[PDB]
Amino acid sequence: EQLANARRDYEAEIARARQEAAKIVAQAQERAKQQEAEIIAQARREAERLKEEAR
Amino acid sequence: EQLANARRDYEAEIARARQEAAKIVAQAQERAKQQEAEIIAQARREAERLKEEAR
Amino acid sequence: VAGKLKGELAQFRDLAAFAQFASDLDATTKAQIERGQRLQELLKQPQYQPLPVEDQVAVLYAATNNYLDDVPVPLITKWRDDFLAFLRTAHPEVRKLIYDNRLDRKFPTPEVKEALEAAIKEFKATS
């Protein structure tokens with residue numbers, strides 16, 4: 001019983017951890033996209049500030 | 001052994017997820033840094049153009 | 001966020017005498033010394049790098065309410081810089097909410113508290 005249950009729960013918790021890691025990977029991709037967008041926006045704001053300073 | 005193998009597989013999955021997230025974040029950060037450097041160079045060129053206009 | 005920081009730094013100064021001993025300090029004293037060293041490393045700031053008040057209160061909230069013990073001491077400065085960059089990029093609205101909600105009598109309101117804590121959790125996960 002211990003062997004069977006250990007193997008079965010091992011596979012099931014592996015699947016659960018795979019789901020958690022899928023959520024983690026989705027979070028990583030979304031955060032990379034959001035950080036790229038935020039870096040672009042901040043660079044645009046900085047360039048606008050530099051242009052206003054130049055004017 | 002199977003109970004320990006459960007933890008082994010979970011750890012491997014966690015490591016894979018973390019490594020993927022770190023690599024993606026590093027690549028995105030490098031791209032953002034390059035874009036920010038380009039925007040800063042464009043701002044410097046615009047400032048030089050403004051100085052030329054003042055001259 | 002600074003009264004408790006002052007308290008913790010005071011206990012660190014008080015316990016600085018015991019820091020020479022190794023393994024003779026209970027869990028409470030070792031934890032207090034670690035917190036004090038972490039706070040001291042957090043105060044270390046490079047030249048020509050001012051922090052707006054919102055960034056200051058966010059950083060101190062992160063450091064003092066047990067969200068920083070796991071971070072090792074040598075890397076706390078980089079942790080702070082990374083966290084501030086994350087806030088300036090990820091959630092500027094969180095910093096704005098801190099800024100316009102700093103005058104209030106009871107700053108740790110539920111909305112700002114939960115938003116800031118979520119930001120810290122997301123940053124630590126991404127780390």
# chains A, B, ... in the order shown; residues from 1 in each chain; ligands from 1
call {"tool": "residues_around", "arguments": {"residues": "residue C:74", "least_positions_apart": "5", "cutoff": "10 Å", "atoms": "only C-alpha atoms", "output": "PyMOL selection string"}}
result
chain C and resi 37-38+41+79
call {"tool": "write_last_selection", "arguments": {"atoms": "C-alpha atoms", "output": "compact mmCIF listing (two decimals), in the first residue's frame"}}
result
# COMPACT_ATOMS: atom_id res chain seq x y z
CA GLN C 37 22.48 43.86 10.19
CA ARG C 38 19.89 43.73 7.41
CA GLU C 41 22.89 47.26 5.12
CA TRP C 79 17.72 43.79 -3.52
call {"tool": "closest_atom_pairs", "arguments": {"of": "stretch 10-50 of chain B", "to": "stretch 36-55 of chain A", "cutoff": "6 Å", "atoms": "only C-alpha atoms", "output": "tab-separated table"}}
result
residue	atom	partner	partner_atom	distance
B:32	CA	A:36	CA	5.9
B:36	CA	A:43	CA	5.7
B:43	CA	A:47	CA	5.6
B:47	CA	A:54	CA	5.6
call {"tool": "calpha_fit_rmsd", "arguments": {"fixed": "chain B", "moving": "chain A"}}
result
2.7 Å
call {"tool": "interface_residues", "arguments": {"of": "chain B", "to": "chain C", "cutoff": "10 Å", "atoms": "only C-alpha atoms", "output": "PDB file with C-alpha atoms, in the first residue's frame"}}
result
ATOM      1  CA  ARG B  18      12.916  29.276 -12.095  1.00  0.00           C
ATOM      2  CA  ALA B  21      11.843  32.729 -15.717  1.00  0.00           C
ATOM      3  CA  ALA B  22      15.344  34.031 -14.991  1.00  0.00           C
ATOM      4  CA  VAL B  25      13.726  38.129 -17.540  1.00  0.00           C
TER       5      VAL B  25
END
call {"tool": "closest_residue", "arguments": {"among": "A:26, A:16, A:34, A:6", "to": "chain B", "atoms": "only C-alpha atoms"}}
result
A:6
call {"tool": "residues_around", "arguments": {"residues": "residue C:6", "least_positions_apart": "3", "cutoff": "12 Å", "atoms": "only C-alpha atoms", "output": "list in words"}}
result
residues 1, 2, 3, 9, 10, 11, 12, 13, 35, 36, 39, 40, 43, 60 and 64 of chain C
call {"tool": "write_last_selection", "arguments": {"atoms": "N, CA and C atoms", "output": "PDB file, in the first residue's frame"}}
result
ATOM      1  N   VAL C   1       6.343  53.746   9.502  1.00  0.00           N
ATOM      2  CA  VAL C   1       7.276  52.678   9.152  1.00  0.00           C
ATOM      3  C   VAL C   1       8.662  52.882   9.748  1.00  0.00           C
ATOM      4  N   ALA C   2       8.936  54.039  10.355  1.00  0.00           N
ATOM      5  CA  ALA C   2      10.259  54.340  10.883  1.00  0.00           C
ATOM      6  C   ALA C   2      10.365  54.215  12.394  1.00  0.00           C
ATOM      7  N   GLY C   3       9.261  54.313  13.132  1.00  0.00           N
ATOM      8  CA  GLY C   3       9.348  54.126  14.572  1.00  0.00           C
ATOM      9  C   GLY C   3       9.820  52.731  14.933  1.00  0.00           C
ATOM     10  N   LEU C   9      16.702  49.022  15.328  1.00  0.00           N
ATOM     11  CA  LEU C   9      18.099  49.438  15.324  1.00  0.00           C
ATOM     12  C   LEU C   9      18.597  49.664  16.744  1.00  0.00           C
ATOM     13  N   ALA C  10      17.718  50.128  17.634  1.00  0.00           N
ATOM     14  CA  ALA C  10      18.096  50.270  19.034  1.00  0.00           C
ATOM     15  C   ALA C  10      18.415  48.919  19.656  1.00  0.00           C
ATOM     16  N   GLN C  11      17.574  47.910  19.409  1.00  0.00           N
ATOM     17  CA  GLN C  11      17.890  46.585  19.942  1.00  0.00           C
ATOM     18  C   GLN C  11      19.164  46.033  19.318  1.00  0.00           C
ATOM     19  N   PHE C  12      19.419  46.340  18.045  1.00  0.00           N
ATOM     20  CA  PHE C  12      20.671  45.895  17.440  1.00  0.00           C
ATOM     21  C   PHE C  12      21.872  46.519  18.135  1.00  0.00           C
ATOM     22  N   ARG C  13      21.808  47.818  18.411  1.00  0.00           N
ATOM     23  CA  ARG C  13      22.905  48.462  19.122  1.00  0.00           C
ATOM     24  C   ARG C  13      23.061  47.883  20.520  1.00  0.00           C
ATOM     25  N   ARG C  35      18.274  40.890  11.867  1.00  0.00           N
ATOM     26  CA  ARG C  35      17.430  42.007  11.459  1.00  0.00           C
ATOM     27  C   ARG C  35      18.195  43.320  11.516  1.00  0.00           C
ATOM     28  N   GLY C  36      18.991  43.512  12.566  1.00  0.00           N
ATOM     29  CA  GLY C  36      19.758  44.738  12.681  1.00  0.00           C
ATOM     30  C   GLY C  36      20.783  44.887  11.577  1.00  0.00           C
ATOM     31  N   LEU C  39      18.937  45.759   8.377  1.00  0.00           N
ATOM     32  CA  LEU C  39      18.534  47.160   8.345  1.00  0.00           C
ATOM     33  C   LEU C  39      19.730  48.067   8.097  1.00  0.00           C
ATOM     34  N   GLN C  40      20.851  47.788   8.761  1.00  0.00           N
ATOM     35  CA  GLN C  40      22.046  48.599   8.571  1.00  0.00           C
ATOM     36  C   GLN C  40      22.514  48.550   7.127  1.00  0.00           C
ATOM     37  N   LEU C  43      20.313  50.751   5.042  1.00  0.00           N
ATOM     38  CA  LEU C  43      20.572  52.184   5.139  1.00  0.00           C
ATOM     39  C   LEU C  43      21.733  52.610   4.250  1.00  0.00           C
ATOM     40  N   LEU C  60      11.162  50.593   3.557  1.00  0.00           N
ATOM     41  CA  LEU C  60      11.179  50.323   4.991  1.00  0.00           C
ATOM     42  C   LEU C  60      10.071  49.357   5.388  1.00  0.00           C
ATOM     43  N   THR C  64      11.037  45.911   7.350  1.00  0.00           N
ATOM     44  CA  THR C  64      10.795  45.813   8.784  1.00  0.00           C
ATOM     45  C   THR C  64       9.747  44.765   9.134  1.00  0.00           C
TER      46      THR C  64
END
call {"tool": "decode", "arguments": {"residues": "stretch 21-46 of chain C", "atoms": "N, CA and C atoms", "output": "JSON list (two decimals), in the first residue's frame"}}
result
[["chain", "number", "residue", "atom", "x", "y", "z"],
["C", 21, "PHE", "N", 30.05, 36.68, 20.62],
["C", 21, "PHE", "CA", 29.82, 35.27, 20.94],
["C", 21, "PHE", "C", 29.24, 34.53, 19.74],
["C", 22, "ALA", "N", 29.63, 33.27, 19.61],
["C", 22, "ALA", "CA", 29.15, 32.39, 18.54],
["C", 22, "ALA", "C", 28.44, 31.20, 19.15],
["C", 23, "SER", "N", 27.20, 30.97, 18.73],
["C", 23, "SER", "CA", 26.34, 29.87, 19.16],
["C", 23, "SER", "C", 25.79, 30.06, 20.57],
["C", 24, "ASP", "N", 26.21, 31.09, 21.30],
["C", 24, "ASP", "CA", 25.71, 31.36, 22.64],
["C", 24, "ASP", "C", 24.47, 32.24, 22.65],
["C", 25, "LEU", "N", 23.96, 32.61, 21.48],
["C", 25, "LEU", "CA", 22.80, 33.49, 21.36],
["C", 25, "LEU", "C", 21.58, 32.66, 20.98],
["C", 26, "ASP", "N", 20.49, 32.87, 21.73],
["C", 26, "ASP", "CA", 19.26, 32.14, 21.47],
["C", 26, "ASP", "C", 18.68, 32.56, 20.12],
["C", 27, "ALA", "N", 17.55, 31.94, 19.76],
["C", 27, "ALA", "CA", 16.92, 32.25, 18.48],
["C", 27, "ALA", "C", 16.50, 33.71, 18.41],
["C", 28, "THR", "N", 15.96, 34.25, 19.51],
["C", 28, "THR", "CA", 15.51, 35.64, 19.51],
["C", 28, "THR", "C", 16.68, 36.60, 19.29],
["C", 29, "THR", "N", 17.78, 36.39, 20.01],
["C", 29, "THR", "CA", 18.92, 37.29, 19.89],
["C", 29, "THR", "C", 19.55, 37.20, 18.50],
["C", 30, "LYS", "N", 19.71, 35.98, 17.98],
["C", 30, "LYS", "CA", 20.27, 35.83, 16.64],
["C", 30, "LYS", "C", 19.36, 36.46, 15.59],
["C", 31, "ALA", "N", 18.05, 36.28, 15.72],
["C", 31, "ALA", "CA", 17.12, 36.90, 14.79],
["C", 31, "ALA", "C", 17.20, 38.42, 14.87],
["C", 32, "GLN", "N", 17.32, 38.95, 16.09],
["C", 32, "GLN", "CA", 17.41, 40.40, 16.25],
["C", 32, "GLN", "C", 18.70, 40.93, 15.63],
["C", 33, "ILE", "N", 19.81, 40.22, 15.82],
["C", 33, "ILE", "CA", 21.08, 40.64, 15.23],
["C", 33, "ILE", "C", 21.00, 40.60, 13.71],
["C", 34, "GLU", "N", 20.39, 39.55, 13.16],
["C", 34, "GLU", "CA", 20.24, 39.45, 11.72],
["C", 34, "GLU", "C", 19.38, 40.59, 11.18],
["C", 35, "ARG", "N", 18.27, 40.89, 11.87],
["C", 35, "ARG", "CA", 17.43, 42.01, 11.46],
["C", 35, "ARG", "C", 18.20, 43.32, 11.52],
["C", 36, "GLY", "N", 18.99, 43.51, 12.57],
["C", 36, "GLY", "CA", 19.76, 44.74, 12.68],
["C", 36, "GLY", "C", 20.78, 44.89, 11.58],
["C", 37, "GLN", "N", 21.51, 43.81, 11.28],
["C", 37, "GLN", "CA", 22.48, 43.86, 10.19],
["C", 37, "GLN", "C", 21.79, 44.13, 8.86],
["C", 38, "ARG", "N", 20.63, 43.51, 8.65],
["C", 38, "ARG", "CA", 19.89, 43.73, 7.41],
["C", 38, "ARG", "C", 19.45, 45.18, 7.29],
["C", 39, "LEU", "N", 18.94, 45.76, 8.38],
["C", 39, "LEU", "CA", 18.53, 47.16, 8.34],
["C", 39, "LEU", "C", 19.73, 48.07, 8.10],
["C", 40, "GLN", "N", 20.85, 47.79, 8.76],
["C", 40, "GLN", "CA", 22.05, 48.60, 8.57],
["C", 40, "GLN", "C", 22.51, 48.55, 7.13],
["C", 41, "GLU", "N", 22.52, 47.36, 6.52],
["C", 41, "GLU", "CA", 22.89, 47.26, 5.12],
["C", 41, "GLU", "C", 21.88, 47.99, 4.24],
["C", 42, "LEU", "N", 20.61, 47.99, 4.63],
["C", 42, "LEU", "CA", 19.62, 48.73, 3.86],
["C", 42, "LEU", "C", 19.88, 50.22, 3.90],
["C", 43, "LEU", "N", 20.31, 50.75, 5.04],
["C", 43, "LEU", "CA", 20.57, 52.18, 5.14],
["C", 43, "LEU", "C", 21.73, 52.61, 4.25],
["C", 44, "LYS", "N", 22.69, 51.72, 4.01],
["C", 44, "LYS", "CA", 23.80, 52.01, 3.12],
["C", 44, "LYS", "C", 23.28, 52.39, 1.75],
["C", 45, "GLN", "N", 23.60, 53.61, 1.31],
["C", 45, "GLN", "CA", 23.04, 54.18, 0.09],
["C", 45, "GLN", "C", 24.16, 54.78, -0.74],
["C", 46, "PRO", "N", 24.21, 54.55, -2.05],
["C", 46, "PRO", "CA", 25.27, 55.15, -2.86],
["C", 46, "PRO", "C", 25.06, 56.65, -3.02]]
